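Engineer: Contents of target31.cif (mmCIF, N, CA and C atoms):
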data_data
loop_
_atom_site.label_atom_id
_atom_site.label_comp_id
_atom_site.auth_asym_id
_atom_site.auth_seq_id
_atom_site.Cartn_x
_atom_site.Cartn_y
_atom_site.Cartn_z
N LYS D 1 7.43 -3.81 -5.17
CA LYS D 1 5.97 -3.91 -5.27
C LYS D 1 5.30 -4.16 -3.94
N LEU D 2 3.97 -3.94 -3.87
CA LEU D 2 3.17 -4.21 -2.68
C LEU D 2 1.74 -4.68 -3.06
N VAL D 3 1.26 -5.76 -2.43
CA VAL D 3 -0.11 -6.28 -2.57
C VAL D 3 -0.69 -6.29 -1.17
N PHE D 4 -1.86 -5.67 -1.01
CA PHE D 4 -2.59 -5.61 0.25
C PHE D 4 -4.03 -6.05 -0.01
N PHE D 5 -4.56 -6.88 0.89
CA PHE D 5 -5.96 -7.27 0.84
C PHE D 5 -6.50 -7.33 2.25
N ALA D 6 -7.59 -6.58 2.50
CA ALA D 6 -8.30 -6.59 3.79
C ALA D 6 -9.77 -6.79 3.48
N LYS P 1 -11.17 -4.41 0.66
CA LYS P 1 -10.15 -3.47 0.16
C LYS P 1 -8.96 -4.20 -0.50
N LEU P 2 -8.62 -3.82 -1.75
CA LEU P 2 -7.49 -4.39 -2.49
C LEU P 2 -6.63 -3.25 -3.00
N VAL P 3 -5.33 -3.24 -2.64
CA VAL P 3 -4.39 -2.22 -3.10
C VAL P 3 -3.16 -2.93 -3.63
N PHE P 4 -2.73 -2.52 -4.81
CA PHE P 4 -1.50 -3.01 -5.43
C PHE P 4 -0.71 -1.83 -6.02
N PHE P 5 0.63 -1.79 -5.82
CA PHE P 5 1.49 -0.79 -6.47
C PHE P 5 2.88 -1.32 -6.70
N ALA P 6 3.60 -0.69 -7.66
CA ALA P 6 4.96 -1.04 -8.08
C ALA P 6 5.53 0.09 -8.92
N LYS V 1 2.85 2.03 -11.20
CA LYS V 1 1.39 1.92 -11.30
C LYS V 1 0.71 1.67 -9.97
N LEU V 2 -0.62 1.90 -9.90
CA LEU V 2 -1.42 1.62 -8.71
C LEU V 2 -2.84 1.16 -9.09
N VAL V 3 -3.33 0.08 -8.46
CA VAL V 3 -4.69 -0.44 -8.60
C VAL V 3 -5.27 -0.45 -7.20
N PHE V 4 -6.45 0.17 -7.04
CA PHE V 4 -7.17 0.22 -5.78
C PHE V 4 -8.61 -0.22 -6.03
N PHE V 5 -9.14 -1.04 -5.14
CA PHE V 5 -10.54 -1.44 -5.19
C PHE V 5 -11.09 -1.49 -3.78
N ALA V 6 -12.17 -0.75 -3.53
CA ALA V 6 -12.88 -0.75 -2.24
C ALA V 6 -14.35 -0.95 -2.55
N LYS C 1 -15.76 1.43 -5.37
CA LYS C 1 -14.73 2.36 -5.87
C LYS C 1 -13.55 1.63 -6.53
N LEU C 2 -13.20 2.02 -7.78
CA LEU C 2 -12.07 1.44 -8.52
C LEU C 2 -11.21 2.59 -9.03
N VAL C 3 -9.91 2.59 -8.67
CA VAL C 3 -8.97 3.61 -9.13
C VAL C 3 -7.74 2.91 -9.66
N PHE C 4 -7.31 3.32 -10.84
CA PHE C 4 -6.08 2.83 -11.46
C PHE C 4 -5.30 4.01 -12.05
N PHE C 5 -3.95 4.04 -11.85
CA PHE C 5 -3.09 5.04 -12.50
C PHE C 5 -1.70 4.52 -12.73
N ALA C 6 -0.98 5.15 -13.69
CA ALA C 6 0.38 4.80 -14.11
C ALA C 6 0.95 5.93 -14.95
N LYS M 1 -6.59 -10.24 6.69
CA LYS M 1 -5.57 -9.31 6.19
C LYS M 1 -4.38 -10.04 5.53
N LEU M 2 -4.03 -9.66 4.28
CA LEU M 2 -2.91 -10.23 3.54
C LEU M 2 -2.04 -9.08 3.03
N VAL M 3 -0.75 -9.08 3.39
CA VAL M 3 0.19 -8.06 2.93
C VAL M 3 1.43 -8.76 2.40
N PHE M 4 1.86 -8.35 1.22
CA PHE M 4 3.08 -8.85 0.60
C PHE M 4 3.87 -7.67 0.01
N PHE M 5 5.22 -7.63 0.21
CA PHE M 5 6.07 -6.63 -0.44
C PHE M 5 7.46 -7.16 -0.67
N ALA M 6 8.19 -6.53 -1.63
CA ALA M 6 9.54 -6.87 -2.05
C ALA M 6 10.11 -5.75 -2.89
N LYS G 1 12.01 -9.65 0.86
CA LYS G 1 10.55 -9.75 0.76
C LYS G 1 9.88 -10.00 2.09
N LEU G 2 8.55 -9.78 2.16
CA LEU G 2 7.75 -10.05 3.35
C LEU G 2 6.33 -10.51 2.97
N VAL G 3 5.84 -11.60 3.60
CA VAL G 3 4.47 -12.11 3.46
C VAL G 3 3.89 -12.12 4.86
N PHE G 4 2.72 -11.51 5.02
CA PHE G 4 1.99 -11.45 6.28
C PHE G 4 0.55 -11.89 6.02
N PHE G 5 0.02 -12.71 6.92
CA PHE G 5 -1.38 -13.11 6.87
C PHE G 5 -1.92 -13.16 8.28
N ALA G 6 -3.01 -12.42 8.53
CA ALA G 6 -3.71 -12.42 9.81
C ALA G 6 -5.19 -12.63 9.51
N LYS Y 1 4.44 12.99 -9.53
CA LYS Y 1 3.04 12.54 -9.52
C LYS Y 1 2.42 12.54 -8.11
N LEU Y 2 1.26 13.19 -7.94
CA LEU Y 2 0.53 13.26 -6.66
C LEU Y 2 -0.91 12.85 -6.92
N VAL Y 3 -1.40 11.81 -6.22
CA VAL Y 3 -2.78 11.35 -6.34
C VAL Y 3 -3.36 11.22 -4.94
N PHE Y 4 -4.54 11.78 -4.75
CA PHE Y 4 -5.29 11.66 -3.51
C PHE Y 4 -6.76 11.35 -3.82
N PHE Y 5 -7.40 10.41 -3.07
CA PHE Y 5 -8.83 10.15 -3.19
C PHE Y 5 -9.42 9.65 -1.90
N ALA Y 6 -10.76 9.80 -1.75
CA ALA Y 6 -11.54 9.42 -0.58
C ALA Y 6 -13.01 9.44 -0.93
N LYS L 1 -9.50 6.44 2.45
CA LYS L 1 -8.71 7.40 1.67
C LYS L 1 -7.39 6.83 1.18
N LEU L 2 -6.76 7.50 0.19
CA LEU L 2 -5.45 7.12 -0.32
C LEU L 2 -4.64 8.36 -0.75
N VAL L 3 -3.36 8.44 -0.34
CA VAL L 3 -2.40 9.47 -0.74
C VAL L 3 -1.24 8.74 -1.37
N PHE L 4 -0.87 9.15 -2.58
CA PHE L 4 0.25 8.59 -3.32
C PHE L 4 1.14 9.74 -3.81
N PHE L 5 2.45 9.57 -3.67
CA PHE L 5 3.41 10.53 -4.21
C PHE L 5 4.58 9.78 -4.78
N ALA L 6 4.89 10.03 -6.06
CA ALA L 6 6.05 9.45 -6.75
C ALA L 6 6.78 10.60 -7.42
N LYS W 1 9.02 7.15 -3.50
CA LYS W 1 7.62 6.70 -3.49
C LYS W 1 7.01 6.70 -2.08
N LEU W 2 5.84 7.36 -1.91
CA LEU W 2 5.12 7.42 -0.63
C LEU W 2 3.67 7.01 -0.89
N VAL W 3 3.19 5.98 -0.19
CA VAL W 3 1.80 5.52 -0.31
C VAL W 3 1.22 5.39 1.09
N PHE W 4 0.04 5.94 1.28
CA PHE W 4 -0.71 5.82 2.52
C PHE W 4 -2.18 5.52 2.21
N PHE W 5 -2.81 4.57 2.96
CA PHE W 5 -4.25 4.31 2.84
C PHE W 5 -4.84 3.81 4.13
N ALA W 6 -6.17 3.96 4.28
CA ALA W 6 -6.96 3.58 5.45
C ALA W 6 -8.43 3.61 5.10
N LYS K 1 -4.91 0.60 8.48
CA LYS K 1 -4.13 1.56 7.70
C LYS K 1 -2.81 0.99 7.21
N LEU K 2 -2.18 1.66 6.22
CA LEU K 2 -0.86 1.28 5.71
C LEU K 2 -0.05 2.53 5.28
N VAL K 3 1.22 2.60 5.69
CA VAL K 3 2.18 3.64 5.29
C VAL K 3 3.34 2.91 4.66
N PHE K 4 3.71 3.32 3.45
CA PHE K 4 4.83 2.75 2.71
C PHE K 4 5.72 3.90 2.22
N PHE K 5 7.03 3.73 2.36
CA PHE K 5 7.99 4.69 1.82
C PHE K 5 9.16 3.94 1.25
N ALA K 6 9.47 4.19 -0.03
CA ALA K 6 10.63 3.62 -0.72
C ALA K 6 11.36 4.77 -1.39
N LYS B 1 13.60 1.31 2.53
CA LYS B 1 12.20 0.86 2.54
C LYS B 1 11.59 0.86 3.95
N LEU B 2 10.42 1.52 4.12
CA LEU B 2 9.70 1.58 5.40
C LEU B 2 8.25 1.18 5.14
N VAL B 3 7.77 0.14 5.84
CA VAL B 3 6.38 -0.32 5.72
C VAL B 3 5.81 -0.45 7.12
N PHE B 4 4.62 0.10 7.30
CA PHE B 4 3.87 -0.02 8.55
C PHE B 4 2.40 -0.32 8.24
N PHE B 5 1.77 -1.27 8.98
CA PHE B 5 0.33 -1.52 8.87
C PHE B 5 -0.25 -2.02 10.16
N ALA B 6 -1.59 -1.87 10.31
CA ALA B 6 -2.38 -2.25 11.48
C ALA B 6 -3.85 -2.23 11.13
N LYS X 1 -0.33 -5.23 14.51
CA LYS X 1 0.45 -4.27 13.73
C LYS X 1 1.77 -4.84 13.24
N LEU X 2 2.40 -4.17 12.25
CA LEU X 2 3.72 -4.56 11.74
C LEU X 2 4.53 -3.31 11.31
N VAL X 3 5.80 -3.23 11.72
CA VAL X 3 6.76 -2.20 11.32
C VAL X 3 7.93 -2.93 10.69
N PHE X 4 8.30 -2.52 9.48
CA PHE X 4 9.42 -3.08 8.74
C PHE X 4 10.30 -1.93 8.25
N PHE X 5 11.61 -2.10 8.39
CA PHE X 5 12.57 -1.14 7.85
C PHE X 5 13.74 -1.90 7.28
N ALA X 6 14.05 -1.64 6.00
CA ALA X 6 15.21 -2.22 5.31
C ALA X 6 15.94 -1.07 4.64
#
Take the structure in this file and express it as structure tokens.
Structural biologist:
Amino acid sequence: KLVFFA
Amino acid sequence: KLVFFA
Amino acid sequence: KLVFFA
Amino acid sequence: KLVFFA
Amino acid sequence: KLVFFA
Amino acid sequence: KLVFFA
Amino acid sequence: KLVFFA
Amino acid sequence: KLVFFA
Amino acid sequence: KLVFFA
Amino acid sequence: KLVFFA
Amino acid sequence: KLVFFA
Amino acid sequence: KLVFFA
């Protein structure tokens, strides 16, 4: 899995 | 920006 | 699955 | 913008 | 910026 | 796993 | 499966 | 933009 | 699986 | 930007 | 697994 | 930036 927040 | 995948 | 929010 | 797929 | 993966 | 925060 | 958006 | 391929 | 975003 | 390949 | 971001 | 390879 991958979680990205910008 | 929010991105999630699995 | 994929969730994207911009 | 909101995109979801699976 | 926050990134997490596994 | 990997956790990154900037 | 191929998804592209912009 | 986003490009996804599975 | 290939994911790209910007 | 982000590039992911699994 | 290959992940790149900036 | 970040480059990860496993």
Engineer: Show me, as a list in words, the residues that have an atom within 6 Å of residue 2 in chain V when counting only C-alpha atoms, minus same-chain residues fewer than 2 positions from it.
Structural biologist: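 Counting only C-alpha atoms, the residues come to residues 4 and 5 of chain P; 4 and 5 of chain C.
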Engineer: Could you jot down the CA of residue 3 in chain C to CA of residue 3 in chain P separation for me, Å, one decimal place?
Structural biologist: 9.6 Å
Engineer: Where in chain D does DSSP assign strand (DSSP E), given as a CSV table (one decimal) with N, CA and C atoms, keeping the file's coordinate frame?
Structural biologist:
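Okay, out-v6.csv is ready:
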chain,number,residue,atom,x,y,z
D,2,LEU,N,4.0,-3.9,-3.9
D,2,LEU,CA,3.2,-4.2,-2.7
D,2,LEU,C,1.7,-4.7,-3.1
D,3,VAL,N,1.3,-5.8,-2.4
D,3,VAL,CA,-0.1,-6.3,-2.6
D,3,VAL,C,-0.7,-6.3,-1.2
D,4,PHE,N,-1.9,-5.7,-1.0
D,4,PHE,CA,-2.6,-5.6,0.2
D,4,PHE,C,-4.0,-6.0,0.0
D,5,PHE,N,-4.6,-6.9,0.9
D,5,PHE,CA,-6.0,-7.3,0.8
D,5,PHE,C,-6.5,-7.3,2.2
Engineer: Quick one: distance from atom C of residue 1 in chain V to atom C of residue 1 in chain G in Å, one decimal?
Structural biologist: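 Atom C of residue 1 in chain G lies at a distance of 19.1 Å from atom C of residue 1 in chain V.
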Engineer: For a test of reading the model, state the distance in Å between atom N of residue 6 in chain P and CA of residue 6 in chain K, rounded to one decimal.
Structural biologist: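 Separation between atom N of residue 6 in chain P and CA of residue 6 in chain K: 10.8 Å.
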Engineer: Box for range 1-5 of chain X - axis-aligned, 8 Å on each of the six sides, all listed atoms - centre and size in Å to one decimal, as AutoDock Vina command-line options.
Structural biologist:
--center_x 6.7 --center_y -3.2 --center_z 10.9 --size_x 30.1 --size_y 20.1 --size_z 23.2
